[PDB]
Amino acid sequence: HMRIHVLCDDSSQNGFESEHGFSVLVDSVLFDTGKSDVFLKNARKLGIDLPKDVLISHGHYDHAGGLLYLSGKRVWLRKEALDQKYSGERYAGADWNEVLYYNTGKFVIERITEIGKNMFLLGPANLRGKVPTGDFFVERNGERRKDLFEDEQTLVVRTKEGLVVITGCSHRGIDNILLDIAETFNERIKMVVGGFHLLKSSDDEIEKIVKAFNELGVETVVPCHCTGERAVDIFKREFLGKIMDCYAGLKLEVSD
């Protein structure tokens, strides 16, 4: 069997700490690392040793921040995760100078990158005419542009039961993300876990997304982090499959 552990999230079960950020241990690879050391403290609570490989979904502080608490990891990030991210006038980037001092960067350039057996990183999703919601900017060279999240990447784990998809915030659209996966893998999408960033999306926008989950035959959804209570309620009432509650304690077990 293959195990998954939420090590950081906005919610938590008794005993586990929580912050605004996301981190989930997926078998032999760590997906994101929260804002601070909450992921580590939760991991110690479970008596887990973290693996060599840490994957970064995008270069926001709440996803890349706990890297400040690791050394010697192999950090899989997109080159464009290095650009300094703003959210409004608020700096929201990560300290890559420090992170890459203590750790080792593995830069992801391809659309599809194989990590280990049956594990893949998929690059920035095709926006299909949509553009990220929110007030996000990015600065390359002191040049302030709008942020399209060219740094965003998504983990796909190929299971005998179908695909397991792990996403950090889905700025490019969780629907775009799934469709990109759908065009690449002949396999069915079994489970999707992570943040979908639906707090600033309209109920219509969210229903269209749930519709895509249904259309693609997704069986189980575990919405974390950015997703939002409203959006989850819509998932619970319109998604044809099972929705699970996400929290820092959470452990999921799934077939190889």
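Quick note: we count residues from 1 along the sequence shown, nothing fancier.
Set 131 to 139 against 80 to 88 and average the Cα temperature factors; 131 to 139 ends up higher. Look at the mean CA B-factor for 225 to 233 and for 64 to 72 in the entry; the higher one is 225 to 233.
Comparing the listed residues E187, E219, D37, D204, the entry records the largest Cα B-factor for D204. The entry lists C-alpha B-factors for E183, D151, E114, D175, and the highest of these is at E114.
When the CA B factors of the chain's modelled residues are split into thirds, the value for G47 lands in the highest one. Among the modelled residues of the chain, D32 sits in the lowest third by CA temperature factor in this PDB entry. The PDB entry assigns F239 a C-alpha temperature factor belonging to the middle third of its chain's modelled residues.
For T104, the recorded CA temperature factor ranks within the middle third of the chain's modelled residues.
Annotation for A248: CA B-factor lies in the highest third of the chain's modelled residues.
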